[PDB]
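Q: Contents of coords.cif (mmCIF, C-alpha atoms) are below:
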```
data_model
#
loop_
_atom_site.group_PDB
_atom_site.id
_atom_site.type_symbol
_atom_site.label_atom_id
_atom_site.label_comp_id
_atom_site.auth_asym_id
_atom_site.auth_seq_id
_atom_site.Cartn_x
_atom_site.Cartn_y
_atom_site.Cartn_z
ATOM 1 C CA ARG A 35 1.508 -5.069 4.985
ATOM 2 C CA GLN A 36 1.253 -5.696 8.735
ATOM 3 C CA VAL A 37 -1.869 -6.643 10.663
ATOM 4 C CA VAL A 38 -2.335 -5.105 14.070
ATOM 5 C CA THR A 39 -3.530 -7.720 16.533
ATOM 6 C CA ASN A 40 -6.222 -7.130 19.204
ATOM 7 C CA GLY A 41 -4.952 -9.583 21.790
ATOM 8 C CA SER A 42 -3.231 -12.916 22.088
ATOM 9 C CA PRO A 43 -3.577 -15.899 19.737
ATOM 10 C CA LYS A 44 -6.968 -17.489 20.304
ATOM 11 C CA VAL A 45 -9.208 -20.220 19.042
ATOM 12 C CA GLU A 46 -12.469 -20.528 20.962
ATOM 13 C CA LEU A 47 -16.216 -21.118 20.633
ATOM 14 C CA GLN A 48 -18.599 -18.322 21.523
ATOM 15 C CA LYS A 49 -22.223 -19.276 20.914
ATOM 16 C CA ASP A 50 -22.007 -21.029 17.489
ATOM 17 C CA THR A 51 -18.864 -19.334 16.126
ATOM 18 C CA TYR A 52 -15.285 -20.587 16.265
ATOM 19 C CA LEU A 53 -13.225 -17.480 16.537
ATOM 20 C CA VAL A 54 -9.697 -17.716 15.284
ATOM 21 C CA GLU A 55 -7.729 -14.514 15.950
ATOM 22 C CA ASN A 56 -4.306 -12.853 16.227
ATOM 23 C CA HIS A 57 -2.198 -15.635 14.733
ATOM 24 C CA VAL A 58 1.160 -14.192 13.663
ATOM 25 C CA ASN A 59 4.106 -15.924 11.907
ATOM 26 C CA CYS A 60 3.163 -19.398 13.274
ATOM 27 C CA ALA A 61 5.436 -22.244 12.151
ATOM 28 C CA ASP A 62 2.552 -24.663 12.962
ATOM 29 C CA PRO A 63 -0.962 -24.608 11.468
ATOM 30 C CA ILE A 64 -3.975 -23.863 13.557
ATOM 31 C CA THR A 65 -6.302 -26.821 13.167
ATOM 32 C CA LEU A 66 -10.024 -26.759 13.802
ATOM 33 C CA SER A 67 -10.877 -30.404 14.526
ATOM 34 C CA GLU A 68 -14.342 -29.835 15.754
ATOM 35 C CA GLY A 69 -17.621 -28.212 14.817
ATOM 36 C CA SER A 70 -20.498 -29.256 12.629
ATOM 37 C CA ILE A 71 -22.721 -27.812 9.907
ATOM 38 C CA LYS A 72 -24.161 -25.694 12.727
ATOM 39 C CA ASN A 73 -21.031 -23.588 13.246
ATOM 40 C CA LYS A 74 -19.503 -20.542 11.572
ATOM 41 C CA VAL A 75 -15.758 -20.046 11.518
ATOM 42 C CA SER A 76 -14.492 -16.460 11.892
ATOM 43 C CA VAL A 77 -10.772 -15.926 11.194
ATOM 44 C CA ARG A 78 -9.519 -12.427 11.883
ATOM 45 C CA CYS A 79 -6.269 -10.540 12.237
ATOM 46 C CA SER A 80 -3.671 -13.010 11.149
ATOM 47 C CA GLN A 81 -0.481 -12.948 9.154
ATOM 48 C CA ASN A 82 1.703 -15.730 7.670
ATOM 49 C CA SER A 83 -0.299 -18.536 9.236
ATOM 50 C CA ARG A 84 -2.011 -21.658 7.939
ATOM 51 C CA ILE A 85 -5.516 -22.496 9.154
ATOM 52 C CA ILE A 86 -7.080 -25.885 8.537
ATOM 53 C CA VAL A 87 -10.763 -26.390 8.955
ATOM 54 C CA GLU A 88 -11.524 -30.134 9.028
ATOM 55 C CA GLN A 89 -15.249 -30.363 9.537
ATOM 56 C CA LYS A 90 -17.810 -29.057 7.078
ATOM 57 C CA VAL A 91 -19.293 -25.878 8.672
ATOM 58 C CA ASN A 92 -22.189 -23.530 7.894
ATOM 59 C CA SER A 93 -19.990 -20.573 6.767
ATOM 60 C CA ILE A 94 -16.479 -19.178 6.996
ATOM 61 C CA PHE A 95 -15.644 -15.505 7.542
ATOM 62 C CA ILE A 96 -12.066 -14.380 6.916
ATOM 63 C CA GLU A 97 -11.270 -10.742 7.591
ATOM 64 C CA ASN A 98 -8.105 -8.673 7.803
ATOM 65 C CA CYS A 99 -5.635 -11.513 7.220
ATOM 66 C CA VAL A 100 -2.542 -11.194 5.135
ATOM 67 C CA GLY A 101 -0.255 -13.856 3.719
ATOM 68 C CA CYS A 102 -2.384 -16.684 5.117
ATOM 69 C CA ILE A 103 -3.183 -20.140 3.866
ATOM 70 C CA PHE A 104 -6.460 -21.907 4.353
ATOM 71 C CA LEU A 105 -7.407 -25.477 3.813
ATOM 72 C CA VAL A 106 -11.073 -26.137 4.269
ATOM 73 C CA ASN A 107 -13.521 -28.978 3.815
ATOM 74 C CA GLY A 108 -16.555 -27.038 2.585
ATOM 75 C CA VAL A 109 -19.491 -24.972 3.763
ATOM 76 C CA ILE A 110 -23.270 -25.167 3.678
ATOM 77 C CA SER A 111 -23.694 -21.478 2.650
ATOM 78 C CA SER A 112 -20.582 -19.388 1.898
ATOM 79 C CA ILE A 113 -17.049 -18.226 2.491
ATOM 80 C CA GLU A 114 -16.746 -14.497 3.003
ATOM 81 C CA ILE A 115 -13.373 -12.863 2.571
ATOM 82 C CA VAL A 116 -13.073 -9.142 3.379
ATOM 83 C CA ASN A 117 -10.018 -6.953 3.413
ATOM 84 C CA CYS A 118 -7.366 -9.663 2.949
ATOM 85 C CA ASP A 119 -4.176 -9.568 0.949
ATOM 86 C CA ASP A 120 -2.264 -12.632 -0.376
ATOM 87 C CA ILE A 121 -4.629 -15.410 0.605
ATOM 88 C CA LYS A 122 -4.700 -18.996 -0.494
ATOM 89 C CA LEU A 123 -7.851 -21.003 -0.180
ATOM 90 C CA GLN A 124 -8.241 -24.699 -0.948
ATOM 91 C CA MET A 125 -11.349 -26.818 -0.724
ATOM 92 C CA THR A 126 -11.592 -30.563 0.023
ATOM 93 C CA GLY A 127 -15.303 -30.626 -0.692
ATOM 94 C CA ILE A 128 -18.130 -28.324 -1.599
ATOM 95 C CA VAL A 129 -18.183 -24.525 -1.425
ATOM 96 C CA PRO A 130 -21.250 -23.152 -3.242
ATOM 97 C CA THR A 131 -20.622 -19.391 -2.668
ATOM 98 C CA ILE A 132 -17.469 -17.322 -2.170
ATOM 99 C CA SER A 133 -17.390 -13.562 -1.651
ATOM 100 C CA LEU A 134 -14.381 -11.331 -2.152
ATOM 101 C CA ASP A 135 -14.308 -7.731 -0.963
ATOM 102 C CA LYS A 136 -11.583 -5.116 -0.749
ATOM 103 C CA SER A 137 -9.104 -7.911 -1.275
ATOM 104 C CA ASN A 138 -6.032 -8.494 -3.440
ATOM 105 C CA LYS A 139 -4.075 -11.607 -4.502
ATOM 106 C CA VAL A 140 -6.503 -14.309 -3.560
ATOM 107 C CA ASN A 141 -6.036 -17.756 -5.064
ATOM 108 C CA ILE A 142 -8.984 -20.139 -4.832
ATOM 109 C CA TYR A 143 -8.175 -23.852 -5.468
ATOM 110 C CA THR A 144 -11.340 -25.833 -6.117
ATOM 111 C CA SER A 145 -12.138 -29.510 -5.732
ATOM 112 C CA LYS A 146 -13.568 -31.933 -8.280
ATOM 113 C CA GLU A 147 -17.046 -31.868 -6.652
ATOM 114 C CA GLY A 148 -17.085 -28.034 -6.167
ATOM 115 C CA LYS A 149 -16.016 -26.590 -9.573
ATOM 116 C CA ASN A 150 -19.411 -24.793 -9.924
ATOM 117 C CA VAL A 151 -18.533 -22.197 -7.184
ATOM 118 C CA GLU A 152 -20.087 -18.733 -7.455
ATOM 119 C CA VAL A 153 -17.599 -15.953 -6.658
ATOM 120 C CA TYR A 154 -18.901 -12.502 -5.748
ATOM 121 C CA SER A 155 -16.240 -9.862 -5.945
ATOM 122 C CA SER A 156 -16.065 -6.192 -5.299
ATOM 123 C CA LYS A 157 -13.180 -3.724 -4.958
ATOM 124 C CA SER A 158 -10.855 -6.655 -5.288
ATOM 125 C CA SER A 159 -7.853 -7.346 -7.529
ATOM 126 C CA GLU A 160 -5.576 -10.277 -8.622
ATOM 127 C CA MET A 161 -8.142 -12.983 -8.022
ATOM 128 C CA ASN A 162 -7.848 -16.536 -9.385
ATOM 129 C CA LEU A 163 -10.021 -19.598 -9.536
ATOM 130 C CA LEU A 164 -8.058 -22.869 -9.930
ATOM 131 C CA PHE A 165 -9.464 -26.154 -11.203
ATOM 132 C CA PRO A 166 -7.598 -29.495 -10.781
ATOM 133 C CA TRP A 173 -4.042 -26.751 -12.008
ATOM 134 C CA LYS A 174 -6.129 -24.710 -14.530
ATOM 135 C CA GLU A 175 -5.798 -20.988 -13.447
ATOM 136 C CA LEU A 176 -8.692 -18.667 -14.448
ATOM 137 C CA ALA A 177 -8.522 -14.901 -13.688
ATOM 138 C CA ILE A 178 -11.671 -13.314 -12.218
ATOM 139 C CA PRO A 179 -12.321 -10.025 -14.025
ATOM 140 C CA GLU A 180 -11.821 -6.765 -12.118
ATOM 141 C CA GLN A 181 -13.007 -4.267 -14.786
ATOM 142 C CA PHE A 182 -16.426 -3.511 -16.154
ATOM 143 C CA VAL A 183 -18.104 -1.261 -18.703
ATOM 144 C CA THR A 184 -21.471 0.410 -18.229
ATOM 145 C CA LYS A 185 -23.523 2.215 -20.842
ATOM 146 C CA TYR A 186 -27.011 3.611 -20.880
ATOM 147 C CA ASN A 187 -29.708 1.740 -22.765
ATOM 148 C CA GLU A 188 -31.948 4.697 -23.790
ATOM 149 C CA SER A 189 -34.483 2.368 -25.480
ATOM 150 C CA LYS A 190 -34.939 0.611 -22.098
ATOM 151 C CA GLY A 191 -34.204 3.298 -19.468
ATOM 152 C CA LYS A 192 -31.565 1.267 -17.591
ATOM 153 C CA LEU A 193 -27.785 0.927 -17.324
ATOM 154 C CA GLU A 194 -26.289 -2.191 -18.878
ATOM 155 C CA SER A 195 -22.948 -3.606 -17.796
ATOM 156 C CA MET A 196 -20.428 -6.088 -19.209
ATOM 157 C CA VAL A 197 -17.058 -7.528 -18.380
ATOM 158 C CA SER A 198 -14.491 -5.478 -20.314
ATOM 159 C CA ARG B 35 -9.874 12.705 3.822
ATOM 160 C CA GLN B 36 -7.205 15.427 3.310
ATOM 161 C CA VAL B 37 -5.189 15.574 0.104
ATOM 162 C CA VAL B 38 -1.391 15.541 0.331
ATOM 163 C CA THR B 39 -0.514 18.606 -1.851
ATOM 164 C CA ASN B 40 2.686 19.020 -3.858
ATOM 165 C CA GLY B 41 3.474 22.712 -4.409
ATOM 166 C CA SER B 42 1.937 26.024 -5.436
ATOM 167 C CA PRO B 43 -1.590 26.197 -6.810
ATOM 168 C CA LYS B 44 -0.620 25.713 -10.469
ATOM 169 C CA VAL B 45 -2.221 26.187 -13.868
ATOM 170 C CA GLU B 46 0.482 25.778 -16.525
ATOM 171 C CA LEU B 47 1.222 24.256 -19.969
ATOM 172 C CA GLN B 48 3.836 21.463 -20.169
ATOM 173 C CA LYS B 49 4.416 20.393 -23.821
ATOM 174 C CA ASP B 50 0.857 19.565 -24.966
ATOM 175 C CA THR B 51 -0.615 19.028 -21.424
ATOM 176 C CA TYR B 52 -2.253 21.552 -19.035
ATOM 177 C CA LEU B 53 -1.337 20.743 -15.438
ATOM 178 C CA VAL B 54 -3.954 22.012 -12.999
ATOM 179 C CA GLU B 55 -2.652 21.238 -9.492
ATOM 180 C CA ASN B 56 -2.825 21.742 -5.726
ATOM 181 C CA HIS B 57 -6.008 23.727 -5.510
ATOM 182 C CA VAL B 58 -7.250 23.469 -1.948
ATOM 183 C CA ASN B 59 -10.444 25.084 -0.623
ATOM 184 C CA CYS B 60 -10.578 27.652 -3.423
ATOM 185 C CA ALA B 61 -13.389 30.170 -2.994
ATOM 186 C CA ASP B 62 -13.465 30.663 -6.774
ATOM 187 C CA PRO B 63 -13.756 28.211 -9.682
ATOM 188 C CA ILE B 64 -10.498 27.647 -11.533
ATOM 189 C CA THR B 65 -11.171 28.097 -15.236
ATOM 190 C CA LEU B 66 -9.061 26.911 -18.110
ATOM 191 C CA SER B 67 -10.365 28.900 -21.067
ATOM 192 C CA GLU B 68 -7.737 28.047 -23.661
ATOM 193 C CA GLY B 69 -6.800 24.788 -25.404
ATOM 194 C CA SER B 70 -7.768 22.645 -28.384
ATOM 195 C CA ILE B 71 -8.266 18.953 -29.281
ATOM 196 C CA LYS B 72 -4.457 18.537 -29.425
ATOM 197 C CA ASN B 73 -4.206 19.115 -25.686
ATOM 198 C CA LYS B 74 -4.529 17.041 -22.565
ATOM 199 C CA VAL B 75 -5.479 18.314 -19.109
ATOM 200 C CA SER B 76 -4.094 16.724 -15.915
ATOM 201 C CA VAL B 77 -5.761 17.625 -12.643
ATOM 202 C CA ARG B 78 -3.908 16.500 -9.471
ATOM 203 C CA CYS B 79 -4.061 16.952 -5.695
ATOM 204 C CA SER B 80 -7.050 19.108 -5.267
ATOM 205 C CA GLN B 81 -9.802 19.513 -2.666
ATOM 206 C CA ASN B 82 -13.052 21.456 -2.371
ATOM 207 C CA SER B 83 -12.800 23.424 -5.625
ATOM 208 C CA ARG B 84 -14.810 23.911 -8.812
ATOM 209 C CA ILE B 85 -12.629 23.314 -11.908
ATOM 210 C CA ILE B 86 -13.878 24.338 -15.352
ATOM 211 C CA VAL B 87 -12.447 23.375 -18.695
ATOM 212 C CA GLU B 88 -13.874 25.523 -21.480
ATOM 213 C CA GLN B 89 -12.455 23.900 -24.569
ATOM 214 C CA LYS B 90 -12.923 20.444 -25.942
ATOM 215 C CA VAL B 91 -9.560 18.786 -25.437
ATOM 216 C CA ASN B 92 -8.094 15.421 -26.328
ATOM 217 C CA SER B 93 -8.659 13.777 -22.987
ATOM 218 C CA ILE B 94 -8.525 14.616 -19.343
ATOM 219 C CA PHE B 95 -6.724 12.829 -16.511
ATOM 220 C CA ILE B 96 -7.929 13.455 -12.887
ATOM 221 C CA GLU B 97 -5.976 12.048 -9.951
ATOM 222 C CA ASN B 98 -6.111 12.275 -6.182
ATOM 223 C CA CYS B 99 -8.874 14.821 -5.882
ATOM 224 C CA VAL B 100 -11.376 15.104 -3.066
ATOM 225 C CA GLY B 101 -14.771 16.755 -2.909
ATOM 226 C CA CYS B 102 -14.144 18.489 -6.231
ATOM 227 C CA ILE B 103 -16.562 19.594 -8.963
ATOM 228 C CA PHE B 104 -15.584 19.597 -12.597
ATOM 229 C CA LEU B 105 -17.381 21.249 -15.465
ATOM 230 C CA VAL B 106 -16.062 20.248 -18.853
ATOM 231 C CA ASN B 107 -16.900 20.778 -22.481
ATOM 232 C CA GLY B 108 -16.007 17.381 -23.901
ATOM 233 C CA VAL B 109 -13.151 15.126 -25.003
ATOM 234 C CA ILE B 110 -11.971 13.402 -28.162
ATOM 235 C CA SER B 111 -11.344 10.186 -26.270
ATOM 236 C CA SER B 112 -11.626 9.820 -22.545
ATOM 237 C CA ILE B 113 -11.669 11.174 -19.013
ATOM 238 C CA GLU B 114 -9.686 9.158 -16.606
ATOM 239 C CA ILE B 115 -10.478 9.313 -12.907
ATOM 240 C CA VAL B 116 -7.994 7.666 -10.527
ATOM 241 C CA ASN B 117 -7.856 7.541 -6.723
ATOM 242 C CA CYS B 118 -10.531 10.175 -6.237
ATOM 243 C CA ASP B 119 -13.199 10.695 -3.609
ATOM 244 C CA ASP B 120 -16.371 12.747 -3.590
ATOM 245 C CA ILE B 121 -16.210 13.895 -7.227
ATOM 246 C CA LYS B 122 -18.832 15.542 -9.403
ATOM 247 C CA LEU B 123 -18.231 15.756 -13.081
ATOM 248 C CA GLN B 124 -20.486 17.496 -15.588
ATOM 249 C CA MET B 125 -20.095 17.845 -19.328
ATOM 250 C CA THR B 126 -21.851 20.211 -21.738
ATOM 251 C CA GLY B 127 -20.629 18.389 -24.847
ATOM 252 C CA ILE B 128 -19.390 14.955 -25.872
ATOM 253 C CA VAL B 129 -17.419 12.570 -23.643
ATOM 254 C CA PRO B 130 -17.109 9.188 -25.436
ATOM 255 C CA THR B 131 -15.448 7.260 -22.569
ATOM 256 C CA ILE B 132 -14.971 7.675 -18.826
ATOM 257 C CA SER B 133 -12.837 5.487 -16.624
ATOM 258 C CA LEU B 134 -13.100 5.225 -12.848
ATOM 259 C CA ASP B 135 -10.500 3.388 -10.871
ATOM 260 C CA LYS B 136 -10.102 3.225 -7.031
ATOM 261 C CA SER B 137 -12.552 6.041 -6.524
ATOM 262 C CA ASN B 138 -15.639 6.715 -4.338
ATOM 263 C CA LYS B 139 -18.843 8.801 -4.509
ATOM 264 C CA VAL B 140 -18.436 9.923 -8.116
ATOM 265 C CA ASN B 141 -21.366 11.525 -9.867
ATOM 266 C CA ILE B 142 -21.290 11.998 -13.615
ATOM 267 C CA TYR B 143 -23.708 14.468 -15.212
ATOM 268 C CA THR B 144 -24.228 13.947 -18.907
ATOM 269 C CA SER B 145 -25.297 16.365 -21.627
ATOM 270 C CA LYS B 146 -28.350 15.436 -23.735
ATOM 271 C CA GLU B 147 -25.762 14.939 -26.531
ATOM 272 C CA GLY B 148 -23.415 12.755 -24.404
ATOM 273 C CA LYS B 149 -25.966 10.237 -23.027
ATOM 274 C CA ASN B 150 -24.167 7.239 -24.643
ATOM 275 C CA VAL B 151 -20.968 7.534 -22.606
ATOM 276 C CA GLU B 152 -19.044 4.351 -21.729
ATOM 277 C CA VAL B 153 -17.954 4.184 -18.117
ATOM 278 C CA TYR B 154 -15.186 1.754 -17.178
ATOM 279 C CA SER B 155 -14.999 0.954 -13.467
ATOM 280 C CA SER B 156 -12.685 -1.020 -11.242
ATOM 281 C CA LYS B 157 -12.151 -1.013 -7.466
ATOM 282 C CA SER B 158 -14.576 1.830 -7.096
ATOM 283 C CA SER B 159 -17.755 2.557 -5.165
ATOM 284 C CA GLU B 160 -20.884 4.842 -5.032
ATOM 285 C CA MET B 161 -20.803 5.660 -8.731
ATOM 286 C CA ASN B 162 -23.811 7.299 -10.400
ATOM 287 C CA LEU B 163 -24.770 8.340 -13.843
ATOM 288 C CA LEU B 164 -27.223 11.179 -14.249
ATOM 289 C CA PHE B 165 -29.176 12.109 -17.350
ATOM 290 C CA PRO B 166 -30.894 15.464 -17.896
ATOM 291 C CA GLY B 167 -34.625 15.132 -17.619
ATOM 292 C CA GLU B 168 -37.304 17.040 -19.546
ATOM 293 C CA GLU B 169 -36.920 20.179 -17.387
ATOM 294 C CA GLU B 170 -33.635 21.736 -16.231
ATOM 295 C CA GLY B 171 -32.640 20.681 -12.706
ATOM 296 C CA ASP B 172 -34.162 17.245 -13.292
ATOM 297 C CA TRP B 173 -31.770 14.345 -13.336
ATOM 298 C CA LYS B 174 -32.460 10.694 -13.826
ATOM 299 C CA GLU B 175 -30.019 9.063 -11.339
ATOM 300 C CA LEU B 176 -28.755 5.518 -12.168
ATOM 301 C CA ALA B 177 -26.301 3.652 -9.941
ATOM 302 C CA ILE B 178 -23.349 1.870 -11.620
ATOM 303 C CA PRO B 179 -22.971 -1.743 -10.346
ATOM 304 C CA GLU B 180 -20.037 -2.365 -7.994
ATOM 305 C CA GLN B 181 -20.371 -6.135 -7.504
ATOM 306 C CA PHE B 182 -20.236 -9.089 -9.827
ATOM 307 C CA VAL B 183 -20.654 -12.863 -9.771
ATOM 308 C CA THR B 184 -18.404 -15.337 -11.613
ATOM 309 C CA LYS B 185 -19.032 -19.050 -12.382
ATOM 310 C CA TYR B 186 -17.022 -21.538 -14.408
ATOM 311 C CA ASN B 187 -19.015 -22.480 -17.507
ATOM 312 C CA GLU B 188 -17.975 -26.139 -17.882
ATOM 313 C CA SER B 189 -19.671 -26.717 -21.271
ATOM 314 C CA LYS B 190 -17.636 -23.777 -22.631
ATOM 315 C CA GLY B 191 -14.409 -23.924 -20.564
ATOM 316 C CA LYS B 192 -14.297 -20.312 -19.276
ATOM 317 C CA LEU B 193 -15.726 -17.926 -16.655
ATOM 318 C CA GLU B 194 -18.860 -15.863 -17.030
ATOM 319 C CA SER B 195 -19.550 -12.822 -14.885
ATOM 320 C CA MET B 196 -22.612 -10.639 -14.507
ATOM 321 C CA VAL B 197 -23.963 -7.885 -12.289
ATOM 322 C CA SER B 198 -24.969 -9.007 -8.799
#
```
Let's see the structure in the file written out as structure tokens.

A:
Amino acid sequence: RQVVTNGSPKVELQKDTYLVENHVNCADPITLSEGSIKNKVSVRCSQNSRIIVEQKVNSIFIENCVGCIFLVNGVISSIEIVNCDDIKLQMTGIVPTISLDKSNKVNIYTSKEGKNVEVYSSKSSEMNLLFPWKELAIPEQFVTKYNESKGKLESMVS
Amino acid sequence: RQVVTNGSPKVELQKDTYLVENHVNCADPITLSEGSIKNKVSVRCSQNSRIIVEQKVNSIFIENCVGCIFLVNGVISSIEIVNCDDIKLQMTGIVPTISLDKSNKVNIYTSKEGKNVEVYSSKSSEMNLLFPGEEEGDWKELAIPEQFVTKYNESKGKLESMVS
């Protein structure tokens, strides 16, 4: 599946966000050397590229990337992945929250320190958490049934 | 979103299955008034139409339908909804199990008798269950969760998920 770019390859800081965009079939990683806990990293519109984020940042946003590989230190808040297919994500350090949405074939490789990661997922398929490699599948099917004696829906992993 | 049709507006019996297909912007409800628990019903490629199944059948399979309304009696096992958008399903009898997969804005209206229905959901959004209130035309509307959280439970060596 082919991403449609919106301009040239870029990496650049606007306000407090490092915007990484339109990287296609690169034979060399794109490395983010800089940026602190104050920055967000937004990676959009890329295919068959590797992106390395060296510094621990506030949050990473990855949207509309396909066949990409990410190596990251960690984040203060979260990593948000939306509408990506065939993504690999590895952490050096700590990532407390990860969110998957409308995405398929995402492999998340944790670190010793950050095994406790919370993964939110919706409308996503073929998702794996990997502990140092122990491969656990994130469920993608649920069952809901009405609790009459309590007037609410109750849901469970199927 | 406009459904890619596949032939003539069709209501016909293939082996033990009723194929109900390609009904686009029908002014009138399409009614299937025959059938028994031995039969299946497959509804494919339809848009803006009321479909009505009179008999209790084995199960019903609904695929690729958009802004449709279904009235059904009940099923022995399940109703399967796949790749559908803007769907309203109502039952007058028993439906043990419903499954929703890759579908959006689906409303399920239960009979007093069929309140205990199990809904399986994956890759699907805006799903509601509705239960008949004390007076007719009243519906208790309850939204089916479409996001979950997963953590490794270390002291147990597996993942645990729950509604967000």

Q: Given all atoms listed in the file as the basis, pick out the residue of B:193, B:58, B:132, B:183 nearest to chain A.

A: B:183

Q: With the cut-off set at 9 Å and counting all atoms listed in the file, tabulate each residue of chain B with an atom at most that distance from an atom of chain A, showing the nearest atom pair and its distance in Å to one decimal, ordered by chain and increasing number, as CSV.

A:
```
residue,atom,partner,partner_atom,distance
B:133,CA,A:183,CA,8.8
B:135,CA,A:181,CA,9.0
B:136,CA,A:157,CA,7.9
B:149,CA,A:186,CA,7.0
B:150,CA,A:186,CA,6.0
B:151,CA,A:185,CA,6.2
B:152,CA,A:185,CA,5.0
B:153,CA,A:184,CA,5.2
B:154,CA,A:183,CA,4.5
B:155,CA,A:182,CA,5.4
B:156,CA,A:181,CA,4.8
B:157,CA,A:157,CA,3.8
B:158,CA,A:157,CA,6.1
B:159,CA,A:157,CA,7.8
B:163,CA,A:193,CA,8.7
B:176,CA,A:193,CA,7.0
B:177,CA,A:193,CA,8.0
B:178,CA,A:184,CA,7.0
B:179,CA,A:195,CA,7.7
B:180,CA,A:156,CA,6.1
B:181,CA,A:156,CA,4.8
B:182,CA,A:154,CA,5.5
B:183,CA,A:154,CA,4.4
B:184,CA,A:153,CA,5.1
B:185,CA,A:152,CA,5.0
B:186,CA,A:150,CA,6.0
B:187,CA,A:150,CA,7.9
B:188,CA,A:150,CA,8.2
B:192,CA,A:176,CA,7.6
B:193,CA,A:176,CA,7.4
B:194,CA,A:197,CA,8.6
B:195,CA,A:197,CA,6.8
B:196,CA,A:196,CA,6.9
B:197,CA,A:195,CA,7.0
B:198,CA,A:154,CA,7.6
```

Q: Counting all atoms listed in the file, select every polymer residue within 8 Å of (-8.0, -8.7, 17.6) as defined in the file's coordinates, and provide the selection as a compact mmCIF listing (two decimals) with C-alpha atoms, in the frame of the given file.

A:
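Dumped to result-v2.txt:
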```
# COMPACT_ATOMS: atom_id res chain seq x y z
CA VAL A 38 -2.34 -5.11 14.07
CA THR A 39 -3.53 -7.72 16.53
CA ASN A 40 -6.22 -7.13 19.20
CA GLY A 41 -4.95 -9.58 21.79
CA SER A 42 -3.23 -12.92 22.09
CA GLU A 55 -7.73 -14.51 15.95
CA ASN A 56 -4.31 -12.85 16.23
CA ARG A 78 -9.52 -12.43 11.88
CA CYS A 79 -6.27 -10.54 12.24
```

Q: Mind telling me what the PyMOL selection byres ((chain A and resi 96) around 8) catches here, as a PDB file with C-alpha atoms, in the coordinates of the input?

A:
```
ATOM      1  CA  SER A  76     -14.492 -16.460  11.892  1.00  0.00           C
ATOM      2  CA  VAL A  77     -10.772 -15.926  11.194  1.00  0.00           C
ATOM      3  CA  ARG A  78      -9.519 -12.427  11.883  1.00  0.00           C
ATOM      4  CA  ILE A  94     -16.479 -19.178   6.996  1.00  0.00           C
ATOM      5  CA  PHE A  95     -15.644 -15.505   7.542  1.00  0.00           C
ATOM      6  CA  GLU A  97     -11.270 -10.742   7.591  1.00  0.00           C
ATOM      7  CA  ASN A  98      -8.105  -8.673   7.803  1.00  0.00           C
ATOM      8  CA  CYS A  99      -5.635 -11.513   7.220  1.00  0.00           C
ATOM      9  CA  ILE A 113     -17.049 -18.226   2.491  1.00  0.00           C
ATOM     10  CA  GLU A 114     -16.746 -14.497   3.003  1.00  0.00           C
ATOM     11  CA  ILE A 115     -13.373 -12.863   2.571  1.00  0.00           C
ATOM     12  CA  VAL A 116     -13.073  -9.142   3.379  1.00  0.00           C
ATOM     13  CA  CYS A 118      -7.366  -9.663   2.949  1.00  0.00           C
TER      14      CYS A 118
END
```

Q: Any chance you could work out the axis-aligned box around range 72-91 of chain B, listed atoms only, 3 Å on each side, giving centre and edge lengths in Å to one decimal, as AutoDock Vina command-line options?

A:
```
--center_x -9.4 --center_y 21.0 --center_z -15.9 --size_x 16.9 --size_y 15.0 --size_z 33.1
```

Q: Env of residue 146 in chain B: 12 Å cut, atoms = all atoms listed in the file, seq-sep filter 3 positions within chain, self excluded. Answer as a PyMOL selection string.

A: (chain A and resi 188) or (chain B and resi 124-129+143+149-151+164-170+173-174)
